[PDB]
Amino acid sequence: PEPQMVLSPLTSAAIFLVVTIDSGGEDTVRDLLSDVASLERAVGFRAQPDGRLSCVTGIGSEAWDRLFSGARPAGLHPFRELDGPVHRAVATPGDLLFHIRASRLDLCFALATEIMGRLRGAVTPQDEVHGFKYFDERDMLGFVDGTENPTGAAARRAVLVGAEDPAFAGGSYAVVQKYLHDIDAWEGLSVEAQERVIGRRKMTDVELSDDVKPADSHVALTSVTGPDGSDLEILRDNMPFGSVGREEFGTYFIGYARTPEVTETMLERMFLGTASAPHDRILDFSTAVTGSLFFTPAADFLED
């Protein structure tokens, strides 16, 4: 089975589009799903090889039941709200996700325009974010963002559904959350204090040693080991976004995994805490304003 382009090369621009399916819009959606790979080639082919345009399409739990009969993917459910002692991870509506990436924002925009052109009248937009990465892979907090992502075979094993759910092999599960940052409070920390929040050195991106790394740092809480002592991994492609005039400085989080269990365990540690950590210190500078979960099928499932 041929996957979507979940494992993409590095891209410096993205558009995230989240929409809901209106009553009566199902047929128009199904038609667009069967064409979206052909649209990606149409927009992207003439700008190769620099363009690096791809679209990953996802489907939510409620929408799945409206669109398709027969089997459901084993791990597909609505995003679970987390109500922690201090911080909350909200659930927001979303039936379809389009994760569009390229080396330039204009290519993303052209593909987004063709997709939304086909869906006008059948869907209602819930969110639209235009992301850009800083030239040294830094995020809005000034830290390098992406470093410990898996690559090669390890990435395929962490991300792609396999024999455990064979009708949906080559699919993946995506979790999205839009975060807004309090940059004034963040910039009042010393660099060393910022390093203790994240768990890595700021300039050089070397991980803090085990003897200095706090238990409530982002890296400590999002490190999870499985039954057998192995690392449970996800693939992230976080993007900055914002608006200088409205004082909006953001990170759009997207995490792909072979089962939602990995990602959800990470989120529970961050928002609910553990015995050794009240919560992830990154959340004292970061508020989640969306939250949704999608299944991204194999490409050939959509092509039918």
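Position 1 is the first residue in the sequence shown; the rest follow in order.
- Stretches 194 to 202 and 153 to 161 differ in mean CA B factor, with 153 to 161 having the higher one.
- Look at the mean CA B-factor for 222 to 230 and for 181 to 189 in the entry; the higher one is 222 to 230.
- As recorded in the PDB entry, 135 shows the highest C-alpha B-factor of the residues 109, 135, 79, 98.
- Per the deposited coordinates, the residue with the largest Cα temperature factor out of 212, 176, 129, 141 is 212.
- In this PDB entry, residue 293 carries a Cα temperature factor that places it within the lowest third of its chain's modelled residues.
- Among the modelled residues of its chain, residue 10 has a C-alpha B-factor that falls in the highest third, as given in the PDB entry.
- When the modelled residues of the chain are ordered by C-alpha B-factor, residue 279 sits in the lowest third.
- Per the deposited record, the Cα B-factor of residue 65 falls in the highest third when ranked against the other modelled residues of its chain.
- Annotation for residue 268: CA B-factor lies in the middle third of the chain's modelled residues.
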